[PDB]
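# An overview of the molecular structure
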Amino acid sequence: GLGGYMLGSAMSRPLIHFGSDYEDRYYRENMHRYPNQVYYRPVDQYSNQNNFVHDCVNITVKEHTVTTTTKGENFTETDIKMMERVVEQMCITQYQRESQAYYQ
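Structure determination for this entry is recorded as solution NMR.

So, in structure tokens, the structure goes:
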């Protein structure tokens, strides 16, 4: 039943900066192997910003690792650090979209 979560529609993957020009293509040339949809709750439930984001990160990162590892892909430790910020950024965006229309 995937607990009882909400998964969003496909997201714009932000070009988050790092520093090494390597990582900028290690991102771009590789976008498709990192997520574009994160797994969360409506702003109703886990009614925080970053404390919802950490669960969204944890669930998405963990669902995606297992699945993609079970398809014969490996992740480097910087792939973890570059996935986490991308996942947090996109998930933050998906909450903020809702709360900004809740309020308006």
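Looking only at helices and strands, the protein has three helices and two strands in total. Across the protein, helices and strands are ordered from the amino to the carboxyl terminus as β-α-β-α-α. In terms of C-alpha radius of gyration, the protein reaches 14 Å, essentially the compact-globule figure of 13 Å for 104 residues. Here the protein, with 104 residues, has 33% of them falling under the buried criterion. Pairs at least 24 residues apart make up 74% of the contacts formed inside the protein by residues separated by at least 6 positions. Across the protein, the 10 positively charged side chains and the 13 negatively charged ones have centroids separated by 4 Å.

Right, let's get into the nonpolar core. Core analysis: the biggest nonpolar cluster contains 22 residues, and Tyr27, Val38, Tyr40, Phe52, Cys56 and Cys91 have the highest contact counts within it. If you list the elements that add at least two residues to this core, you get α2 (50–69) and α3 (77–103). Looking at which element gives the most residues to this core, the answer is α3, with eight residues. Apart from the residues within four sequence positions on either side, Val38 is in contact with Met6, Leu7, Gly8, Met11, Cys56, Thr60, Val87, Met90 and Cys91.

Time to look at the pattern of salt bridges. Going through the model one piece at a time under the given rule, you end up with three salt bridges. One salt bridge in this structure joins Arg28 and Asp24, with 2.7 Å as the shortest N-O distance. Of this pair, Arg28 and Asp24 both sit in helix α1 (residues 21–28), four residues apart, which is roughly one turn of that helix. For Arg28, a relative accessible area of 47% corresponds to the partly exposed category. Owing to a relative accessible area of 26%, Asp24 belongs among the partly exposed residues under this scheme. Salt-bridge contacts for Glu73 lead to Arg33; the nearest nitrogen and oxygen are separated by 2.8 Å. Note that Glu73 is positioned in the loop between α2 and α3 and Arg33 in the loop between α1 and β2 (39–40), a separation of 40 residues in sequence.

Judged by the 2.5 Å criterion, the disulfide between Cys56 and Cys91 that UniProt reports is present, the sulfurs being 2.0 Å apart. One end of the pair, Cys56, is in helix α2; the other, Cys91, is in helix α3, with 35 residues separating them in the sequence. Judged by its relative accessible area of 1%, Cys56 falls in the buried class. By relative accessible area, which is 0% here, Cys91 ends up buried.

Cut-offs applied
Residues numbered from 1 in each chain as written, not as in the entry; some residues may be left out. Heavy atoms only, no water. Helix = DSSP H or I, 4+ residues; strand = E, 2+ residues; numbered from the N terminus. Rg over C-alpha atoms; globule rule 2.2 N^0.38 Å. Buried < 20%, exposed > 50% of the residue type's maximum accessible area, 1.4 Å probe, protein only. Contact = heavy atoms within 4.5 Å. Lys, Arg positive; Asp, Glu negative; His and termini not counted. Charge placed at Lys NZ, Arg CZ, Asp CG, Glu CD. Core = buried A, V, L, I, M, F, W, Y, C linked by side-chain atoms within 4.5 Å. Salt bridge = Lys/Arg side-chain N within 4 Å of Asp/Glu carboxyl O. Disulfide = S-S within 2.5 Å. UniProt positions renumbered as here; feature names shortened; annotations may be inferred.

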